[PDB]
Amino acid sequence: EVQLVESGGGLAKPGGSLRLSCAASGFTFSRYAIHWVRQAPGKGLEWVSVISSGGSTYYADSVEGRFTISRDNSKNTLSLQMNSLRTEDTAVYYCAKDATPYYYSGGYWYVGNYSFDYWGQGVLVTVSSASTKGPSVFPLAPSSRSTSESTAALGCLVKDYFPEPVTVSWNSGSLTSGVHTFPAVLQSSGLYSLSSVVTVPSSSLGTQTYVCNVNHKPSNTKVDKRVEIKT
């Protein structure tokens, strides 16, 4: 099974640096060029860089001079060092195996055909002047649930965090049915906010506790918050 497992990435300031890495297995590494292709949020694909088996390196015009690709054929590893980062560098980055092994033709050695049959899982790179910020977690409960309401929506507001992503579970992953965690909104301040909601039976309130577990890895923050209705 072919695998390209990426690591690195994260958040940097304009002018800062980040290193991406890609670990390859399941094929003859030294026979193929390996590329980096990126994709801005909600945007299209753009080829970033390539390194050949023999160490030949090529880069897109927008990143030439700022990015340095390298590989280790004995370790089956690849790395992309990214300096002088700009706002427009914000994207998910994939390592991508060239679908065509290097070949000799017409007097020249060719590194590949710039088509990509296997792709890594993708690593998020954010470049922004805002610093990392953990979220504030607030409970979302109705002001007063009438008896006619057999069910009740409980939730957690995960407010004013940066950068993405955030994960939410309920009762340490034991509550999954009826859970809806919404994609975050981007505020004008440059911070994100999301909400997670779960519909539970009203007869369970006062009998069952409902705790939301919020994980913001970019700030190394975890928050557990119990949600009750004050009625």
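In this text, residue numbers run from 1 along the sequence as written.
Novice: Between 216 to 224 and 16 to 24, point out the one with the higher average CA B-factor as the PDB entry records it.
Specialist: Averaging CA B-factors over each stretch, the winner is 16 to 24.
Novice: Averaging only over Cα atoms, indicate whether 89 to 97 or 144 to 152 has the higher B-factor in the PDB entry.
Specialist: For C-alpha atoms only, the mean B-factor is higher in 144 to 152.
Novice: When the CA B-factors of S105, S115, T126, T132 are compared as recorded in the entry, which is the largest?
Specialist: Highest C-alpha B-factor among the listed options: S105.
Novice: With respect to the C-alpha temperature factors reported in the PDB entry, which of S195, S177, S169, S203 ranks highest?
Specialist: That would be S203, according to the entry.
Novice: If you rank every modelled residue in this chain by C-alpha B factor, which third holds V63: lowest, middle or highest?
Specialist: Ranked within chain, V63 CA B lands in the highest tercile.
Novice: Which third of the chain does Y110 land in by C-alpha B-factor: lowest, middle or highest?
Specialist: Ranked within chain, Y110 CA B lands in the middle tercile.
Novice: Ranking the modelled residues of this chain by C-alpha B-factor as given in the entry, is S136 in the lowest, middle or highest third?
Specialist: Ranked within chain, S136 CA B lands in the lowest tercile.
Novice: Using the B-factors in the PDB entry, rank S79's C-alpha atom against the chain and give the third, lowest, middle or highest.
Specialist: For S79, the deposited C-alpha B-factor lands in the middle third.
Novice: Comparing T199 with the other modelled residues of its chain, is its CA B-factor in the lowest, middle or highest third?
Specialist: According to the entry, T199 has a C-alpha B-factor in the chain's highest third.
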